[PDB]
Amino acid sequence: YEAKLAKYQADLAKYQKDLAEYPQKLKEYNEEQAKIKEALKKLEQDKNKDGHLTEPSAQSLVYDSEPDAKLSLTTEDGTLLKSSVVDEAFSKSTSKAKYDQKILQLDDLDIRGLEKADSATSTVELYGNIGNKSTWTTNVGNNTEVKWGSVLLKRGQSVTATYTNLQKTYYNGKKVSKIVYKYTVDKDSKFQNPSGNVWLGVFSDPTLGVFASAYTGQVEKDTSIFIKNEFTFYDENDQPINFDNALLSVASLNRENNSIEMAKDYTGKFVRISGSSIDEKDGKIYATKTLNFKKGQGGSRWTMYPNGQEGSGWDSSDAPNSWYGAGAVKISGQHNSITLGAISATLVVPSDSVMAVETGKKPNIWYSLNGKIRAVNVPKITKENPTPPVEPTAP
């Protein structure tokens, strides 16, 4: 009868508060549900128009941006890298030209520069356009502040990234407290870096994802880099979330004549976007029938980068037709998995003078997994279904 009564009394005050607030929360839930159901009736009717989900549903996972998240890294077999080693590597070789114009050009980084003698650290040191480089830009965010922990991993090795301090992430209108990703280098990757190392730049904002690279400053024929991504999201009580058809966006699945970006080995259900270059074929999600790099070339409708033409620059976060290189995966359960990578076209499709040339590519990729579904007008669930308050019983 000690803190039993004090607990009961605390829970009674909280009950009284929830009872007072419950009718307004129920009203707001009911109004939002009504809105969502009407938006879904229209999406069903429009399911074959350009940029619409072939199987429309509401987005329960609000997971667009987390600029203020906090990053923690652990690897049992890998090497977390000192910032100053990462900085030195950026200043030399193929990224030097951009580093001298105050730009961190992640896709030009020659990762051999990271393989120095006394490089290891026990905890994450963030690097990016921050501190003394607060006026610098990066090719991934331009002027926006981006930073990452750096790790060297070989085939089969993994890093576990924990992201806390999340300000805007919600599932079914409840706040997400923590996200844990385990990133593993897929053993079947074909990259040639003699050390066997891959650099993962793990951004502090988990919605920006990962920059994965084995680039040594030359292109490679018959190369690939794949990163397995296993993840669990956690609720306000630090418990794993059991997703029920949350939508995961797989965007920027670029296909050029020599290079395919693809997702594979995924949990959940692929949902095609109407009009998109992206489909599923043999458990792999990519541009299956056409290239998507340049209008007219290899069957592509649009041009991936902004050139001036109509619907060009499809490949960015804010472009209206970014769905052209996107798909969605409907996920459930508490533990989910997907593998993202880039591979030489000739390892995937028959050799062909337009669709699959032998020309070498850079074994790198920037990918992201988030809730920013690129299909048009997908409604978000922002209001929780309130649980009727239960009056507690006295000791």
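In case it trips you up, residue 1 is the first one in the sequence shown, and so on.
Per the entry, higher mean C-alpha B factor between 251-259 and 95-103: Looking at the record's C-alpha B-factors, the answer is 95-103.
Higher-B stretch (mean Cα B-factor, as the entry records it), 219-227 or 282-290: The entry gives the higher C-alpha B-factor average to 282-290.
Highest-ranked of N245, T75, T232, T184 once sorted by CA temperature factor in the record: It is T75.
Largest Cα B-factor, entry values, listed residues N193, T267, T207, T79: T79 has the highest C-alpha B-factor of those listed.
Third of chain Cα B-factors occupied by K372: It belongs to the lowest third of the chain when residues are ordered by C-alpha B-factor.
Where the record places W136 (Cα B-factor, split into thirds across the chain): Top third by C-alpha B-factor.
Chain-relative CA temperature factor third for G327: Its C-alpha B-factor belongs to the lowest third of this chain's values.
Chain-wide C-alpha B factor ranking for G201, given as lowest, middle or highest third: Its C-alpha B-factor belongs to the lowest third of this chain's values.
Chain thirds of CA B-factor: placement of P350: Middle third - that is where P350 ends up once the chain's C-alpha B-factors are sorted.
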